[PDB]
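These notes concern the structure reproduced below.
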Amino acid sequence: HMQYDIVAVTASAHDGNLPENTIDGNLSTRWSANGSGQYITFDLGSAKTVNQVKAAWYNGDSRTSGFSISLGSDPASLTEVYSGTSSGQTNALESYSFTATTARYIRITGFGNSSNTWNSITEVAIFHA
Ligand SMILES: O=C(O)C1=C[C@H](O)[C@H](O)[C@H](O[C@H]2[C@H](O)[C@H](O)[C@H](O)O[C@H]2C(=O)O)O1
Ligand SMILES: [Ca+2]
Ligand code: NA
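All letters in the sequence shown, in the order written, are residues -2 to -1, 188 to 314 by the authors' numbering.
Following this line, the structure appears as structure tokens:
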């Protein structure tokens, strides 16, 4: 089981809850961006075999959040590998697994949540599981 370093994080938008808060190891710090279609992009630094993305959701034990995962070598031309809704049943890292493929960049696109239009993520980790 491999956990890859995330060398950089960017995002479409944020409200002062920075993108890099998703890789600080702290469930009390988050990235937040308001509105369906906002996204956050994780850079592995080079192309790696990836088959699993874990995300911990803000208020993750009290609301469900819609999202998709896309990956690839070109941020402008990523491929969607996963689409779903967070469980609403834990604040912990939740695993979203998919057929193994190569990627330098992993993007999470959020569609808001069952309470409001925000996309708020406390932690992300990216694996070859
Ligand atoms: O994910 C959130 O719910 C969230 C993220 C933002 O960082 C901010 O805290 C946001 O707050 C909104 C939200 O609707 C919340 O329910 C409450 O109404 O405050 C407003 C706000 O803009 O402060 O919540
Ligand atoms: Ca955090
Ligand atoms: Na925002």
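Heads up, the beta-carbon is just placed ideally off N, CA and C, and yes, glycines get one too.
The closest heavy atom of ligand 1 lies less than 7 Å from the beta carbon of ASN244.
Taking a 10 Å sphere around the C-beta of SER305, we find 16 or more other C-beta atoms and assign the residue as buried. Judged by the Cβ position, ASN219 qualifies as a neighbour of ligand 3 at the 7 Å threshold, a heavy atom of the ligand being closer than this. The nearest non-hydrogen atom of ligand 1 is 7 Å or more from the C-beta of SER271.
Its chain contains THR307 and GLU308 as the residues whose beta carbon lies nearer than 8 Å to that of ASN211, once the 5 sequence neighbours on both sides are disregarded; these appear in chain order.
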